[PDB]
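What follows is each chain in one-letter form.
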Amino acid sequence: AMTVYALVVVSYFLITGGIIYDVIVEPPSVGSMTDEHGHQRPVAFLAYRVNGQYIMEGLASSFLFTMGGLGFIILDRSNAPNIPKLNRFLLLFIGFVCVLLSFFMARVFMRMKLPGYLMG
Amino acid sequence: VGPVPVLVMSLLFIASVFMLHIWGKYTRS
Amino acid sequence: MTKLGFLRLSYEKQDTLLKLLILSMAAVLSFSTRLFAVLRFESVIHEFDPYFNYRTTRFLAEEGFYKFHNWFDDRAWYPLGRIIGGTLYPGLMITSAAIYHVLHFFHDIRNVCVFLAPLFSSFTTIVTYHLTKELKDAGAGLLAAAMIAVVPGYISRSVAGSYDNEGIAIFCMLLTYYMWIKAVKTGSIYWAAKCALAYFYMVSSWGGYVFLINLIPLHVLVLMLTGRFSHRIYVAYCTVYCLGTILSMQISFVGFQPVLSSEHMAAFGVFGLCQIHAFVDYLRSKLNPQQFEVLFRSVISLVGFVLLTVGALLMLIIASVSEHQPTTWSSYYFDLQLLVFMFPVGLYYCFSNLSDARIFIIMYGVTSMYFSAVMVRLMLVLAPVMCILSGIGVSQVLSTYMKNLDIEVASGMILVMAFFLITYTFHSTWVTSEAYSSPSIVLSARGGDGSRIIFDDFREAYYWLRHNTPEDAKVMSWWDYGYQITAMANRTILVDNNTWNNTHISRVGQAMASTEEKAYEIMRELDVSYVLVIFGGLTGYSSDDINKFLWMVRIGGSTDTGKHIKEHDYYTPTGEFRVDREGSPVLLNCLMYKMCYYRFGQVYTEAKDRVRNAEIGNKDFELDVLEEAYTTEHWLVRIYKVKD
Amino acid sequence: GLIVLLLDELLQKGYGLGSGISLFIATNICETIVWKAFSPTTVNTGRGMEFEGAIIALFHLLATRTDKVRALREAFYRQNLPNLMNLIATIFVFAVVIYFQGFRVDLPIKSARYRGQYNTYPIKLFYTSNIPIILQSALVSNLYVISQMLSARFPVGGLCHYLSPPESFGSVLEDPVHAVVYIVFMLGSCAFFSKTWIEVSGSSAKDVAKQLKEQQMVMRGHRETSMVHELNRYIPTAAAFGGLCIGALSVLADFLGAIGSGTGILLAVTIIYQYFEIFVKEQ
Amino acid sequence: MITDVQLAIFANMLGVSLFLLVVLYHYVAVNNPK
Ligand SMILES: *[C@@H]1O[C@H](CO)[C@@H](O[C@@H]2O[C@H](CO)[C@@H](O[C@@H]3O[C@H](CO[C@H]4O[C@H](CO)[C@@H](O)[C@H](O[C@H]5O[C@H](CO)[C@@H](O)[C@H](O)[C@@H]5O)[C@@H]4O)[C@@H](O)[C@H](O[C@H]4O[C@H](CO)[C@@H](O)[C@H](O)[C@@H]4O[C@H]4O[C@H](CO)[C@@H](O)[C@H](O)[C@@H]4O[C@H]4O[C@H](CO)[C@@H](O)[C@H](O)[C@@H]4O)[C@@H]3O)[C@H](O)[C@H]2NC(C)=O)[C@H](O)[C@H]1NC(C)=O
Ligand SMILES: CC(=O)N[C@@H]1[C@@H](O)[C@H](O)[C@@H](CO)O[C@@H]1CP(=O)(O)OP(=O)(O)OC/C=C(/C)CC/C=C(/C)CC/C=C(/C)CCC=C(C)C
C-alpha cells in the first residue's frame, strides 16, 4: 500500500538525521568561548570536522531533504493531471512547489558551503 | 482590505521588531 | 555543412547514434575522473591497503597459479603465518593476473593494479545501463549511467590508485542484478544459469554476498506477502540459489559456512518455504477447496512445523579506525548532492507502477539505506542504489514534462533540471579533488606559498629496511602498518591488520607497555631484530601509535598485571589526561613517552609537539634495552636497533 | 495592539466568518494542546531529562528505562508535567462536547408563497456557542486580576478565595467554601449572562421573528406574529440551560484534568465546531 | 602530460555536454512515436 511509502519516507530523514548519532549523541549548539566579550553564544551547525553533527544539525538536514522529495511527489500527483480547478488551485500548486524546489536546493547549497568552506 | 498594504504594514511592523531587536543587541554580546 | 542531422531515421537508428554516443562519452567520464588523484601526485598506490593485495597479485602471475597452486607463507605473521585460508577473494587477483596474462602477452605490472579501478568504473557504468534498461526504459538509464559514472563517493573509495578487496565487488554485485532481474522478468533458465555463473564472480571477491543472500531470498519472502508469485519467479530463483550454493561451496572463506551461519541458514529456510509454497499452489488447484484439503493441510502443516522445531533446536582497533564509525549527511549530501533529492522520486514511481521487477529495487533501496546508517565504509552499497532510483526519478520528471509542449510550467520545469542537475557535475568534479586526492604513504605538508614543503619519509625508511638490514629479521611496530612493511622491504613480520587471531595482537600491547624490563622480555620471547614506531608530533595531523594509544591502553587479554586495569597511569589522578610535567609519572616510565622521545628536548624549541602542544624538558634519553637505527630526516620514524 | 485591531476588523467586514477573534483563540488553543502533544524539552529533575507529557516523551521513556511497570506508572500518573491520563480525559471532553453540540430543537416552516418546502429552522443549545457567555465568565475574572496590581499599593491571598478555581485534583481539598462558591459562580454566571446576553446579539424572540418575516418563513401551526409565542417558550431556556450546562460542563473540564487548557479549550474548539458549520453552509 | 586543473575543466565540460545531450536524447525519445 501507499502507507508503506509513507513508512519509508518517514524512515528516510529519520536515518538520514540521527540514528548514527543516537549512541554518539552530541548536544545541540553551544561552542563559543567569549569570542571577545560575550561568553557562551550557541554557534551553529558543526563546521570544522565533517563527519560530526549535533541533534539540531541533523534534524534540519533531514527536514530539508524530505520536503524536496515530497515536492516532487506533489508535482507528479496533482500538477500533471488536469482535473481540478484549472486556474486557481493548480497555479498555487506549481507556485509553492517551485518555491520549495528552488529555495530548498539554494539553502541546502548554503548549508553545505558555510559548514564546509567549499569553493563555490 | 481593498489593498494589501495593511498586511505589508504588519510585515513592516514585525521587521521593525525583528531588526530593532538585534539592532541594539549589535553593540552587546 | 551536411545539414542532414536531425532528419535521420531517429527513434530507430539515430536513436542508436545518440545512444552509443552517450555510452561512449559517459563511460569516458568515470575512468577519466578517477585519474587526477594519481595525476596530481602519485604513480602507483594511495592507501596502505592495496600493498598486501599487490604482493600476492604479482605473486599469482609470477609463480603461483590458482587451479594448480594455492599458496603458503611464513614471511607474514611470525611465528604463526596466514594463508589463502584467509584473504577471502581472489576475484581481484585473478582479474588482474588475467589482464596481464592477456595484455602482457600483448605487452606494465605497475599499470595493472593502478589503472584497474578506472576500468572498473567504466565497465560498471555500462552494466548499469543494461540494468536500467530493464526497469523503466532505455531512456531511464541514459541519465542513470552518468550518475554512477560520477557519484563521487563511489569514485572516492575506488580511485585511480585503489585496489581494495571490495574494489570490484561492486561491479559484480551490480552485474548480478542484471543477472537477476530479467531472469525474474523472464524465466529463461539458460540465461539464469548464466546468472548464477556470474554470481560466482561476486561470491569470490568480497563478503557482501552474506548481504546478498540476506537480500535475494528475503526479497522473495516479500513476494509471499504481496502474493505476486509465478513460475517465472520460481524457475529462475531455484537455479541461482541452489547452484550458487555449490559455487560458494567451492570457495574456502565461505566453506562449509553455506551449511552453517545464521544469515544464509535462514535464507535456506526461506528457499524451502518458497519451494513449498510453489508446490502448494500447484496442488489443490486441481482439487476443489474441499474440507479435506483443510484436513491434509493440517497434516502437512504439522510436518512443516516439526521441521521448524527440529531446525530451531539444531543451530550450529577496527571500530576506532575512523571510518567504520557511523556517518551523517556529509558522507551523505556532501557525498551525493543532487542525487539525494531525486531518490524518493523514482521510488514513488516505483511505488506508483509497482511492477514485479521493481519491488526488488525498492527492497534494495530500503536495506542499503538501513545499512549505510552505521558504517560510512558501507556507503558504497548505497553508492549505486540512489543512482538507480534517481535515474528513474529524473527520467520520470523529464519524461512527463517534455511530454506536454512541443508535440509555461514546462518552460520552467525542463529548464530548471539542467542547472538543477548539472551543478552535480560541478560538485563531482571537484570534491574528488579536495578530500580524496591524497595518498596514505605521502603526506602533503604546509609552510610556504611558493615551492612549499610537501614531502617521503615512509619510502625513505622502508627503503632503508630494504638496503641496510639482514635478510631474516623482525618487523614489529603496530598492525595497521603491517602490509606496507611487506610492500618494498621483503621483511618478516609478526602482526598485520586482520584480525583473525586477536590474542597474538594483544601481547603487542605488552610489547608497547609500561615496564621496559617486562616488555623487552616479551620482545626477547618473540625473536627481535628491529622495532618501529611513527611520530606525528611536530606537524599534528599525521597519525601513528600514540593516538590509537588509548586503544592500546584498554586492549586487554591474556594479562593480569598492568594491562588488567585500563587506567594504568595515564590520567591526572582525578581522571583527566595529561602527559607532560603535569602528566603522570608511570607514563614517564612507560615506553611510548620514551620509546618515541629521544633527544627531543635538544632539538625543537618554544614548547611544542603540536599533537599535545607538549614541552621540552624531560631528560628522556634512556635506551635501556635498545639503540637507535635511524636518525630521522623529518622526525618521521625512529628505527630501533634492538640491543641485547 | 493596533495590529490585532486591524486584523480583527478586517475579519468582520472582509472575509470574516468565525471572527478575527474567536479563531485566533481557537488556533492558539490548538497550539496549547500541541505543545502538550509533542514536548521536546524538560529541565532535568531528580531523574529523566527531556520528556514532559508528550506521547513522544511516553515513547522515548520506553526506550530509556527498564522495569516497564514503573515506565507505565510515570506515563499514566505524571503530575507536575502533562499526563497521558490527562490526554485521555482531554479527548473524552472533546467527544462529549460534540455530543452536546448536536442538541438542537427543530422547527419546520412552510415558507410563504411556495408549496411545502421544509427548511426547518433549528435552535442549538450552545446558542452562538457562548463566545459571549464563556468570555463573559472569563474576562471579569481577568479584569480584577489585572487590577489586583492596584491592590498591591493602596492580593494573591485573601482576595483569591472568591476569585479562582481551587486547582486541586483532590476533590476534598482543604477548603469546600472556595469549591462551592467557584462552581456556583460558574453556573450562575453563564446562565445569567445567557439571559442577559440574548437581548443584544440577536436571536431573541423578536429577533428571530423579524428575521423570519424578513426572509418569508412562517410557522404552520399558527399566524405569523404568534410565532413569537410559538418559540418564546424555547429561546430563554435554551439560553439559560444553554448557558448553564456549558459552565457545569467546564466543571467537568476542571474536575477531571482531561483538558489540555481547560474550559477555554472546550469552548474554543466549540467555536471551531460551529465554525465548520458556518464554512460548510456556503459549501 | 596534462595537469590537474586542465583535467578539472575537462571533466566539467564533459559532464555538461553529457547531461545536456541526455536531455536531447530524452526529447527525441519522448517525441517520435513507437
Ligand atoms: C593465536 O595466537 C596466540 C598467541 O600467539 C596463540 O596462543 C598460544 O597457543 C599456544 C598453543 O596452545 C599456547 O601454548 C600452550 O599453553 C598451555 C597453557 O598452559 C597454562 O597453564 C599451565 C598450568 O595449567 C602452565 O603450565 C602453562 O605454562 C606456564 O609454565 C611455563 C613453564 O613454567 C611458563 O613458560 C609459562 O609462561 C606459564 O607460566 C600455562 O600457564 C600449556 O599448557 C601448553 O603446554 C603444553 O604444550 C607444549 C607444546 O604445545 C609443551 O611444550 C608443554 O610441555 C605442554 O605439553 C603438554 O601437552 C602436549 C600436547 O599438547 C604433550 O605432548 C606434552 O607431553 C604435555 O602433556 C602433558 O600435559 C597434558 C595436559 O596439558 C596431559 O594430557 C599429558 O598426558 C601430559 O601430562 C602450551 O604451552 C600458548 O599458551 C598460547 N598463548 C596465549 C598468550 O594464548 C594461539 O594458539 C593462536 N591461535 C591459533 C588458532 O593458532
Ligand atoms: C585484504 C583483506 O584484509 N581482506 C579481508 C578478507 O580476506 C577477510 O575475509 C575479511 C574478514 O576478515 O576482511 C577483509 C576484507 P573486508 O574488510 O572488505 O570484509 P568484511 O569485514 O567482511 O566487510 C563486511 C562488509 C560487507 C558488505 C558484509 C556484510 C556486512 C554486514 C553488516 C551484514 C549485512 C546483512 C545483510 C542481510 C545484507 C543486507 C543488509 C541489510 C539487510 C541491512
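In what follows, the structure referred to is the one given above.
Comments concerning the overall build of chain E
- Helix and strand counts for chain E come out as one helix and zero strands.
- The buried share of chain E, taken over its 34 residues, is 44%.
- Total accessible area computed for chain E in this model is approximately 2000 Å², and 77% of it derives from carbon and sulfur atoms.

A few points about the interface of chain A and chain C
- Counting from both sides, the interface comprises 37 residues of chain A and, opposite them, 33 residues of chain C.
- Of all the elements in the fold, those that place two or more residues in the side of chain A that touches chain C are helix 1 (2–17), helix 2 (20–23), helix 3 (55–79) and helix 4 (89–116) of chain A.
- Broken down by element, the side of chain A that touches chain C gets its largest block of residues, eleven residues, from helix 3 of chain A.
- Across the side of chain A that touches chain C, the residue classes break down as 24 nonpolar, nine polar and four charged.

Thoughts on the side chain of C:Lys594
Residues and elements named next belong to chain C.
- By secondary structure assignment, the location of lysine 594 is in helix 25 (residues 592–595).
- A distance of 2.4 Å separates polar atoms of two side chains, one belonging to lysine 594 and the other to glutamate 622.
- Leaving out residues up to four positions away in the same chain, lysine 594 has contacts with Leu588, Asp620 and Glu622.

Considerations on empty space enclosed by the protein
All names here are of chain C.
- Roughly 210 Å³ of volume is contained in the largest cavity.
- Sorting the residues of the lining of the largest cavity by element identifies helix 9 (169–184) and helix 18 (382–401) as the ones contributing at least two each.
- If one sorts the elements of the lining of the largest cavity by residue count, helix 9 sits on top with five residues.
- Looking at the lining of the largest cavity residue by residue, the class counts come to 16 nonpolar, two polar and one charged.
- Counted as a void, the second largest cavity has a volume near 180 Å³.
- Around the second largest cavity, the lining residues are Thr176, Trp180, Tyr199, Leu212, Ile213, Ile216, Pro217, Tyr237, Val240, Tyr241, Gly244 and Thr245.
- Elements supplying a minimum of two residues to the lining of the second largest cavity: helix 9, helix 11 (209–225) and helix 12 (231–249).
- The greatest single-element share of the lining of the second largest cavity, amounting to five residues, is contributed by helix 12.
- Of the residues contributing to the lining of the second largest cavity, the split by class is nine nonpolar, three polar and no charged.

Structural notes on the environment of A:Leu90
Residue and element names in this part refer to chain A.
- Of note, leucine 90 is situated in helix 4.
- Linking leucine 90 and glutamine 53, residues 37 residues apart in sequence, is a C-alpha distance of 39 Å.
- Beyond its immediate stretch of four places on either side in the chain, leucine 90 contacts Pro84 and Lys85.

Observations concerning the interface of chain E and chain C
- The partner chain C presents 35 residues to the 30 residues of chain E that form the contact.
- Buried area between chain E and chain C, summed over both chains or domains, comes out near 3000 Å², and the portion from carbon and sulfur atoms is 77%.
- Of all residues in chain E, the largest losses of buried area upon contact with chain C belong to E:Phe19, E:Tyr25 and E:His26, amounting jointly to 25% of the total for that side.
- The interface formed by chain E and chain C includes one salt bridge.
- Of the charged contacts, one joins E:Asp4 and C:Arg40 as a salt bridge, the two residues approaching to 3.6 Å between their closest N and O atoms.
- Scanning the region where chain E abuts chain C turns up five residue pairs in polar contact.
- Of the residues belonging to the side of chain E that touches chain C, the class tally is 21 nonpolar, seven polar and two charged.

Examining the pattern of salt bridges
All names here are of chain C.
- Under the criterion given, the structure shown has ten salt bridges over all chains.
- Note that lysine 182 and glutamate 134 form a salt bridge whose closest N and O atoms lie 3.5 Å from each other. Placement of the pair is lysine 182 in helix 9 and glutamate 134 in the loop between helix 6 (116–133) and helix 7 (138–149), with a sequence separation of 48 residues.
- The class for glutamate 134 is buried, based on a relative accessible area of 16%.
- Here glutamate 627 makes a salt bridge to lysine 641, at a shortest N to O gap of 3.0 Å. Placement of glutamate 627 in strand 4 (residues 626–628) and of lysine 641 in strand 5 (residues 640–642) is noted, with a sequence separation of 14 residues between them.

Remarks on unusual backbone geometry
- Residue C:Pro79 follows C:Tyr78 across a cis peptide bond; omega there is -5°.
- You can see C:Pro79 is positioned in the loop between helix 3 (50–62) and helix 4 (91–105).

Topic: the site of ligand 1
Residue and element names in this part refer to chain C.
- For ligand 1, the full set of nearby residues is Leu80, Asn501, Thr503, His504 and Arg507.
- Measuring from an oxygen atom of ligand 1, one finds a side-chain N or O atom of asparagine 501 at 2.4 Å.
- Between ligand 1 and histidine 504, the relevant distance is 3.3 Å, taken from an oxygen atom to a side-chain nitrogen or oxygen of the residue.
- Taken by itself ligand 1 offers 1600 Å² of open surface, and the protein chains cover 13% of this.
- Taken together, the residues that form the shell around ligand 1 break down as one nonpolar, three polar and one charged.

Brief notes about the side chain of C:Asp164
Residue and element names in this part refer to chain C.
- Within the secondary structure layout, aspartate 164 lies in the loop between helix 8 (152–156) and helix 9.
- Among the polar contacts made by the side chain of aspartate 164, one reaches the side chain of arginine 377 at a distance of 2.3 Å.
- Beyond its immediate stretch of four places on either side in the chain, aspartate 164 contacts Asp49, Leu92 and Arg377.

Brief notes about a nonpolar patch on the surface
Residues and elements named next belong to chain B.
- The grouping of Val1, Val4, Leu7, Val8, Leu11, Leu12, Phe13, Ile14, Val17, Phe18 and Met19 at the surface amounts to a nonpolar patch, some 1100 Å² of accessible area in total.
- If you trace the backbone, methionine 19 turns up in helix 1 (residues 5–25).
- The exposed category is assigned to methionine 19, whose relative accessible area is 56%.

Structural notes on the site of ligand 2
All names here are of chain C.
- Residues in close proximity to ligand 2 total 15 residues, the closest being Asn165, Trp206, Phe211, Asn214 and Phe371.
- Measuring from an oxygen atom of ligand 2, one finds a backbone N or O atom of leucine 88 at 2.8 Å.
- In this structure, an oxygen atom belonging to ligand 2 sits 2.5 Å away from a side-chain N or O atom of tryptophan 206.
- Calculation on ligand 2 without its partners gives an accessible area of 970 Å², and the protein chains cover 67% of this total.
- Elements represented by at least two residues in the shell around ligand 2 include exactly helix 3, helix 11 and helix 17 (358–371).
- Top element by residues in the shell around ligand 2 is helix 17. It accounts for three residues.
- When grouped by side-chain class, the residues that make up the shell around ligand 2 number eight nonpolar, seven polar and no charged.

Calculation rules
- Residues numbered from 1 in each chain as written, not as in the entry; some residues may be left out.
- Chains lettered and ligands numbered in written order.
- Part of a larger assembly, values for the part shown.
- Heavy atoms only, no water.
- Residues with missing side-chain atoms left out of burial classes, pairs and counts.
- Helix = DSSP H or I, 4+ residues; strand = E, 2+ residues; numbered from the N terminus.
- Buried < 20%, exposed > 50% of the residue type's maximum accessible area, 1.4 Å probe, protein only.
- Areas by Shrake-Rupley, 256 points an atom, 1.4 Å probe, with all protein chains shown as cover.
- Contact = heavy atoms within 4.5 Å.
- Nonpolar A, V, L, I, M, F, W, Y, C, P; charged D, E, K, R; others polar.
- Polar contact = N/O pair within 3.5 Å; in protein donor to acceptor, adjacent residues only side chain to side chain.
- 1 Å grid on protein atoms, 1.4 Å probe; cavity = no way out; pocket = protein on both sides within 12 Å on 5 of 7 lines; lining within 4 Å.
- Points joined across faces, edges and corners; volume = space filled by probe spheres on them.
- Buried area = accessible area lost by both parts, 1.4 Å probe.
- Salt bridge = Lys/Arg side-chain N within 4 Å of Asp/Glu carboxyl O.
- Near = heavy atom within 4 Å.
- Patch = residues over 30% accessible without salt bridge, like charges linked within 9 Å, V, L, I, M, F, W, Y side chains within 5 Å.

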